[PDB]
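Asker:
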Amino acid sequence: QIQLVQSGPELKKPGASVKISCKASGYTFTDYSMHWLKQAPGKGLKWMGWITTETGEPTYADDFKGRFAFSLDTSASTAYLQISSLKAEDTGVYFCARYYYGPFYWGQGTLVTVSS
Amino acid sequence: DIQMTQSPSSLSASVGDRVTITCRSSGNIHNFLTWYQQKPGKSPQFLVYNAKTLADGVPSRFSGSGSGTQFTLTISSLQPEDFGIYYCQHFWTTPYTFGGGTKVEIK
Amino acid sequence: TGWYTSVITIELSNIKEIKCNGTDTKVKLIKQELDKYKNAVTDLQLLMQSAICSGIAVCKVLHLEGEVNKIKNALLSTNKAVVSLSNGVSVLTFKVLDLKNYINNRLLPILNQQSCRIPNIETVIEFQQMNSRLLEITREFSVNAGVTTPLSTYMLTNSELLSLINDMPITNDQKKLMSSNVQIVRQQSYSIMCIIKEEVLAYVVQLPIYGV
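Residue numbers (the entry's author numbering), protein chains in the order written: chain H, 1 to 116; chain L, 1 to 107; chain C, 50 to 98, 146 to 308.
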């Protein structure tokens, strides 16, 4: 009965910002950290990093540094993803995930569309 | 970084076939593998806990076997309700990397 | 001459305060036990925030993101399985007490998922006897500030101490010296509290290796 509810699609411009929220209801939010998983357009899946929902210190993969920052508000049980200094392949689908007994438990899809 | 690959990137089986999907790894992962079944336009649900344990709510037709640097996912008998893109992802250590993705088609 | 750091885990659930308004004594007994259990969990969490250097090194390996879920994956159907750490160190892993299984399955459905009505005093005493070990583990950890010696019965019983002797990387003649001297291999053992993360309480037990 663990549920991870995410935001909806957004349509932005190169240089704008996108604010994606991920609300985790069904467990004590402090225990499990939040993992973010970017899907490339048509390609496989990428793993950026995790944000610890107890302390708040994020860690990123070597490919996802410079423009991506994780944040959360532990009182509201939500996880935030802000993308700044946008470009034209940041497009795709973004997931928030937590550890199950082994593999991940995935949220829904918040498609990000970059126009011109 | 342990990098994973899948040999049958494009698989097209019939309605009663027994197929095998395999992965390799640049490094050694001790029986730490899971398989995701991403439907087209939805979220990927896992099927296997560790490389030899089907997940709860997953049909027993799905089964995996292997350890070290060679794994395999086996479908006992395909059914029309199961079609999508399959990814195998190690969780031994960070960063986690997924496979190339096997698009199980229908013959 | 050498230690052998095992990992002992307990499945600890987290239950919010039950909004039951019950005047029955059996409901109040279970509520008192649950308030003692939640206070034990809270006090255990409050603790975390030389012969122990070999057990602290495993406490910090479990501090990494992606090491406690692998320990859960291995025990997912076995009470005693061997796992691999990030350093390649093989550490025996043991699951002694399943308090999450009892609380989520037997207590919560008839207390908080619906209006409270408990029909049995047997489950009140049965909960009191299994939750009792958790309260004792907290009492030896809070007094001793996380490091307990000599190794007690509550941490590791005699039945589950001979299991981590026949499963050790030693000869069959060194498992004869330690299986016949259980009361001496308990005064030379330790117990280090490691973490309460992802609904799992884990502590490390350092049984000695007698190579001479």
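Where a beta carbon is used, it is the ideal one built from N, C-alpha and C, also for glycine.
DSSP puts L:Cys-23 in a beta bridge; with which residues?
Answerer: Walking along the second sequence from the start, residue 23 of chain L turns up at place 23. Paired residue(s): L:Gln-6, L:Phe-71.
Asker: Starting from the beta carbon of L:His-30, find every residue of chain C whose beta carbon is closer than 7 Å, and list them in chain order.
Answerer: Your numbering for residue 30 of chain L matches position 30 in the second sequence. Here the neighbours are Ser-180.
Asker: Report the option in C:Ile-288, C:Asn-216, C:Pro-265 whose CA atom is closest to the CA atom of C:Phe-237.
Answerer: Translated into positions along the third sequence, residue 237 of chain C becomes position 141. Closest by alpha carbon: C:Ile-288.
Asker: With a floor of 4 residues, list each alpha helix (DSSP H) that falls wholly inside the stretch 151–236 of chain C, ordered by position along the chain.
Answerer: 164–171, 195–198, 204–207
Asker: Assuming L:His-30 contacts C:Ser-55 under a Cβ cut-off of 8 Å, what Cβ separation, rounded to an integer in Å, is found between them?
Answerer: Working through the second sequence from its first residue, we reach residue 30 of chain L at position 30. Working through the third sequence from its first residue, we reach residue 55 of chain C at position 6. About 18 Å; that fails the 8 Å criterion.
Asker: So C:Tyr-306 and C:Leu-247 are in contact, right, with Cβ under 8 Å, and what is the actual spacing, rounded?
Answerer: Numbered from its first residue, the third sequence carries residue 306 of chain C at position 210. Numbered from its first residue, the third sequence carries residue 247 of chain C at position 151. For C:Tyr-306 against C:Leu-247, the beta-carbon gap comes to about 16 Å, at or over 8 Å, which does not count as contact.
Asker: Could you give the first and the last residue of the continuous alpha helix (DSSP H) run that contains C:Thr-74?
Answerer: As a working mapping, residue 74 of chain C is identified with position 25 in the third sequence. Counting along the chain, the alpha helix (DSSP H) containing C:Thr-74 begins and ends at 74–97.
Asker: What residue range is occupied by the uninterrupted beta strand (DSSP E) comprising C:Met-274?
Answerer: Looking up residue 274 of chain C in the third sequence gives position 178. No beta strand (DSSP E) contains C:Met-274, which is instead part of the alpha helix (DSSP H) from 270–275.
Asker: Is DSSP giving C:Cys-149 helix, strand or coil here?
Answerer: The residue given as residue 149 of chain C occupies position 53 in the third sequence. Note: C:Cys-149 maps to helix in three-state DSSP.
Asker: Could you give the residue range of the beta strand (DSSP E) that holds C:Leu-260?
Answerer: Along the third sequence, one-based indexing puts residue 260 of chain C at 164. Here C:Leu-260 belongs to no beta strand (DSSP E); instead the alpha helix (DSSP H) covers 259–262.
Asker: In the DSSP assignment, what are the bridge partners of H:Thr-78?
Answerer: Locating residue 78 of chain H in the first sequence gives position 78, counting from the first residue. Answer is H:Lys-23, H:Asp-73, bridged to H:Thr-78.
Asker: By the 8 Å beta-carbon criterion, what residues does the stretch 168–192 of chain C contribute toward chain H?
Answerer: Taking 8 Å as the Cβ-Cβ cut-off against chain H, the residues of the stretch 168–192 of chain C that qualify are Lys-168, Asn-169, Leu-172.
Asker: At the level of alpha carbons, what is the spacing between C:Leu-303 and C:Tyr-86?
Answerer: Taking the third sequence and counting its residues from 1, the one referred to as residue 303 of chain C is at position 207. Taking the third sequence and counting its residues from 1, the one referred to as residue 86 of chain C is at position 37. Cα to Cα, the separation comes out at about 29 Å.
Asker: Following the continuous beta strand (DSSP E) through C:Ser-55, name the residue where it begins and the one where it ends.
Answerer: The residue you call residue 55 of chain C lines up with position 6 of the third sequence. From DSSP, the beta strand (DSSP E) with C:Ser-55 extends over 51–60.
Asker: Could you name each continuous beta strand (DSSP E) segment of 3 residues or more that falls completely within the stretch 13–61 of chain L, going from the start of the chain to the end?
Answerer: 20–25, 33–38, 44–46
Asker: For H:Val-93, which three-state DSSP category applies?
Answerer: Within the first sequence, residue 93 of chain H is the residue found at index 93, counting from 1. In this structure, H:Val-93 counts as strand in the three-state DSSP scheme.
Asker: Where does C:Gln-225 land, buried or exposed, given buried means 16+ other C-beta within 10 angstroms?
Answerer: Here residue 225 of chain C corresponds to residue number 129 of the third sequence, with the count starting at 1. The residue in question, C:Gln-225, is exposed, as its Cβ has fewer than 16 Cβ neighbours within 10 Å.
Asker: Use the C-beta contact count for C:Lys-166: other C-beta atoms within 10 angstroms, 16 or more gives buried, fewer gives exposed.
Answerer: Reading the third sequence from its first residue, position 70 is the one you call residue 166 of chain C. It is buried - the Cβ of C:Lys-166 has at least 16 other Cβ atoms within 10 Å.
Asker: With 16 as the cutoff for other CB atoms within 10 Å, does L:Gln-79 come out buried or exposed?
Answerer: Stepping through the second sequence from its first residue, residue 79 of chain L is reached at position 79. Answer is exposed; the Cβ neighbour count stays below 16.
Asker: Would you be able to state if there are at least three C-beta pairs under 8 Å between the stretch 85–97 of chain H and the stretch 32–44 of chain H?
Answerer: Judged by pairs of C-beta atoms under 8 Å, the stretch 32–44 of chain H touches the stretch 85–97 of chain H, as three or more such pairs exist.
Asker: Select from H:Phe-68, H:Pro-14, H:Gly-8, H:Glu-10 the residue whose C-alpha is nearest the C-alpha of H:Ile-83.
Answerer: The count along the first sequence starts at 1 and reaches residue 83 of chain H at position 83. Restricting attention to H:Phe-68, H:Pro-14, H:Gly-8, H:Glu-10, the CA atom closest to the CA of H:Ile-83 is found in H:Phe-68.
Asker: Can you look up C:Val-239 in the DSSP assignment and give me helix, strand or coil?
Answerer: Taking the first residue of the third sequence as position 1, residue 239 of chain C is located at position 143. In this structure, C:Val-239 counts as helix in the three-state DSSP scheme.
Asker: Note down the Cα distance separating L:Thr-94 from L:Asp-1, rounded to an integer number of angstroms.
Answerer: Looking up residue 94 of chain L in the second sequence gives position 94. Looking up residue 1 of chain L in the second sequence gives position 1. Roughly 8 Å between the two C-alpha positions.
Asker: Contact between the stretch 209–224 of chain C and the stretch 69–78 of chain C: three or more CB pairs below 8 Å?
Answerer: Counting Cβ pairs under 8 Å, three or more are found: they touch.
Asker: Just the chain H side, please: which residues come within less than 8 Å of L:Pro-80 by C-beta, in chain order?
Answerer: Along the second sequence, one-based indexing puts residue 80 of chain L at 80. Going along chain H, no residue has its Cβ under 8 Å from L:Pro-80, so there is no contact; the nearest lies around 24 Å.
Asker: How would you call C:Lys-156, buried or exposed, if buried means at least 16 neighbouring beta carbons within 10 angstroms?
Answerer: Working through the third sequence from its first residue, we reach residue 156 of chain C at position 60. The residue in question, C:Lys-156, is exposed, as its Cβ has fewer than 16 Cβ neighbours within 10 Å.
Asker: Rounded to whole angstroms, what is the Cα-Cα separation between C:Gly-71 and C:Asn-201?
Answerer: Translated into the one-based positions of the third sequence, residue 71 of chain C becomes position 22. Translated into the one-based positions of the third sequence, residue 201 of chain C becomes position 105. Using only the alpha carbons, I get a separation of about 21 Å.
Asker: What do you reckon, are the CB atoms on H:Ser-85 and H:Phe-29 nearer than 8 Å?
Answerer: Numbered from its first residue, the first sequence carries residue 85 of chain H at position 85. Numbered from its first residue, the first sequence carries residue 29 of chain H at position 29. Against a cut-off of 8 Å, the Cβ pair of H:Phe-29 and H:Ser-85 comes out as no contact.
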